[PDB]
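Asks: Can you keep this structure in mind? I'll have questions shortly.
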Amino acid sequence: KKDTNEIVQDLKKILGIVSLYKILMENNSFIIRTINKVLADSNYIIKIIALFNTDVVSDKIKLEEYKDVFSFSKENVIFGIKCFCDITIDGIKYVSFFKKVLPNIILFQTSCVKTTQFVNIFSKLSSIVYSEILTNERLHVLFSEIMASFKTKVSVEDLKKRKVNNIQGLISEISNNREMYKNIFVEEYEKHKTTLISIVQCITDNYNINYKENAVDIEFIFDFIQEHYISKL
Ligand SMILES: CCCCCC/C=C/CCCCCCCCCC(=O)O[C@H](COC(=O)CCCCCCCCCCCCCCC)COP(=O)(O)OC[C@@H](O)CO
Ligand SMILES: CCCCCCCC/C=C/CCCCCCCC(=O)O[C@H](COC(=O)CCCCCCCCCCCCCCC)COP(=O)(O)OCCN
Ligand SMILES: CCCCCCCC/C=C/CCCCCCCC(=O)O[C@H](COC(=O)CCCCCCCCCCCCCCC)COP(=O)(O)OCCN
Ligand SMILES: CCCCCCCC/C=C/CCCCCCCC(=O)O[C@H](COC(=O)CCCCCCCCCCCCCCC)COP(=O)(O)OCCN
Ligand SMILES: CCCCCCCC/C=C\CCCCCCCC(=O)O[C@H](COC(=O)CCCCCCCCCCCCCCC)COP(=O)(O)OCCN
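Numbered according to the deposited numbering, the sequence shown spans residues 127 to 146, 157 to 228, 234 to 374.
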């Protein structure tokens, strides 16, 4: 909305933390406060939207529309945490940091699922996501194809010539070129959708990831999100 300046500060420290376990303990105050603040701010997604859609701050109507779609109540967060615990990964360290941050998450206590059950499922998903990003060859080929396509549309050398190398310069580049980066996102997603869904569906099948004891359906999830959220932007 107005002071989305606080989001970029939190984004700087998060990106400063990942650039530099040992770190996580010194920043656990920052990580705990940020999660509780994000979860208690029902308009947080809309502030993120307004960071990249600077025009929205001057359109009261569309801004209010966004609250109907993207605002989440405290109850929504509890329901999501509950739904997150119906995931099982019968196909399968840092568990410690999670098991000492998550108790300090106010809204994770209002639900109070078995924290060991939650820590386990969050820990598994987190290790799958990191391992695949690090090692899935299909995903690396896909990223490289996206990157090469992006580069025929936009001069990455010229972007760095114009000081597009900070997150503030990155946000400002996107938000002043919003239609174009939107069209590039859509064209890349539609061109590569068959392989993206396939990569992710295979990862879930491989690790035998279930939701309420039914196989996860990636096509349905992506299509649900397109219809109910990405299309209302
Ligand atoms: C960790 C949880 C994350 C969950 C989701 C979070 C991700 C958010 C990504 C934000 C990207 C911003 C892009 C905004 C602009 C999108 C386009 C749009 O807003 O509009 C249309 C939306 O439908 C379209 O297909 C647009 C194509 C996009 C559809 C794909 C998005 C699905 C993502 C699923 C995420 C799954 C999460 C868990 C993974 C197992 C574009 O469709 P077209 O009719 O072909 O073209 C016409 C456009 O010119 C009209 O505007
Ligand atoms: C490796 C990383 C793992 C980390 C996991 C964190 C997840 C990160 C992203 C979470 C974004 C989730 C966005 C929700 C999308 C769908 C929301 C939605 O409104 O659709 C509704 C959702 O219904 C569902 O079944 C969704 C089940 C999936 C829940 C997953 C949400 C996880 C949220 C956890 C919050 C983070 C807390 C972290 C600290 C405790 C469908 O409508 P309905 O069937 O009619 O029921 C609702 C009406 N009563
Ligand atoms: C260097 C590493 C950077 C990679 C990630 C980029 C960092 C920033 C990520 C941005 C995520 C923000 C998500 C919410 C943003 C809200 C988007 C939104 O409101 O929608 C549109 C505007 O917002 C945007 O354009 C955000 C687009 C973000 C995508 C940036 C990347 C583009 C494509 C590159 C790679 C393709 C990935 C595809 C994967 C299959 C609204 O369109 P419009 O208002 O109808 O047209 C305006 C004409 N005046
Ligand atoms: C780098 C980004 C990767 C992070 C991914 C971490 C995943 C943690 C958060 C996941 C929440 C995503 C929200 C999904 C919302 C789906 C909307 C929905 O309809 O909910 C339900 C869809 O089913 C679900 O809820 C699925 C539950 C979430 C599964 C999460 C596991 C997928 C992650 C696999 C790992 C992929 C690694 C990717 C690496 C790049 C409706 O199901 P239903 O009630 O049984 O209806 C009948 C079924 N046809
Ligand atoms: C730089 C950061 C990148 C973030 C990129 C996000 C940009 C936005 C792009 C689209 C994201 C799509 C996710 C949709 C989430 C909407 C949640 C929601 O609507 O809550 C409800 C869904 O509730 C659920 O079932 C699951 C609840 C999980 C909600 C968790 C939301 C908190 C997450 C905050 C996200 C913060 C971003 C992280 C970056 C620091 C709506 O359901 P309803 O009761 O049927 O209908 C009532 C309508 N309000």
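Using N, Cα and C, we set each Cβ at its ideal position, and we do this for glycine too.
#1: Just to confirm the assignment, what range does the alpha helix (DSSP H) spanning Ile350 have?
#2: Excluding the five sequence neighbours on either side, which residues of its own chain have a C-beta within less than 6 angstroms of the C-beta of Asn351, listed in chain order?
#3: If you follow the beta strand (DSSP E) that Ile223 is part of, which residue opens it and which one closes it?
#4: Would you call the CB atoms of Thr336 and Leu283 closer than 7 angstroms?
#5: State yes or no: is the C-beta of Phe206 nearer than 6 angstroms to some heavy atom of ligand 2?
#6: Taking DSSP's pairing of strands, which residues face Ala356 in a bridge?
#7: Short of 8 angstroms in beta carbon distance, which residues of its chain neighbour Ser252, apart from the five on each side in sequence? Order them along the chain.
#8: In its own chain, which residues sit with a C-beta less than 8 angstroms from the C-beta of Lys353, not counting the 5 before and 5 after it?
#9: The alpha helix (DSSP H) with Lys240 in it runs from where to where?
#10: Count the other C-beta atoms from every protein chain shown that fall within 10 angstroms of the C-beta of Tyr271, then say buried if there are 16 or more, exposed otherwise.
#11: Using C-beta distances below 8 angstroms, list every residue in its chain close to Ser209, excluding the 5 sequence neighbours before and after it, in chain order.
#12: Do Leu248 and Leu175 have their C-beta atoms closer together than 7 angstroms?
Replies: From the atom records:
#1: Element bounds for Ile350: not the alpha helix (DSSP H) but the beta strand (DSSP E), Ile350 to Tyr352.
#2: Closer than 6 angstroms at Cβ, skipping near neighbours: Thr224.
#3: In the DSSP assignment, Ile223 falls within the beta strand (DSSP E) that extends over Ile223 to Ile225.
#4: Between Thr336 and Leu283, the gap from beta carbon to beta carbon is short of 7 angstroms.
#5: Checking the Cβ of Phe206 against ligand 2 gives no.
#6: Answer is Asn351.
#7: Around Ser252: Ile214, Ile217 and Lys218.
#8: If we look at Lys353 and ignore the five residues flanking it on each side, its Cβ neighbours are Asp222.
#9: Where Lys240 is concerned, the enclosing alpha helix (DSSP H) stretches over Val236 to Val242.
#10: The residue in question, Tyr271, is exposed, as its Cβ has fewer than 16 Cβ neighbours within 10 Å.
#11: If the five residues before and after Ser209 are omitted, its C-beta is found closer than 8 angstroms to the C-beta atoms of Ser178, all from its own chain and listed in chain order.
#12: The answer is yes: Cβ separation under 7 angstroms.
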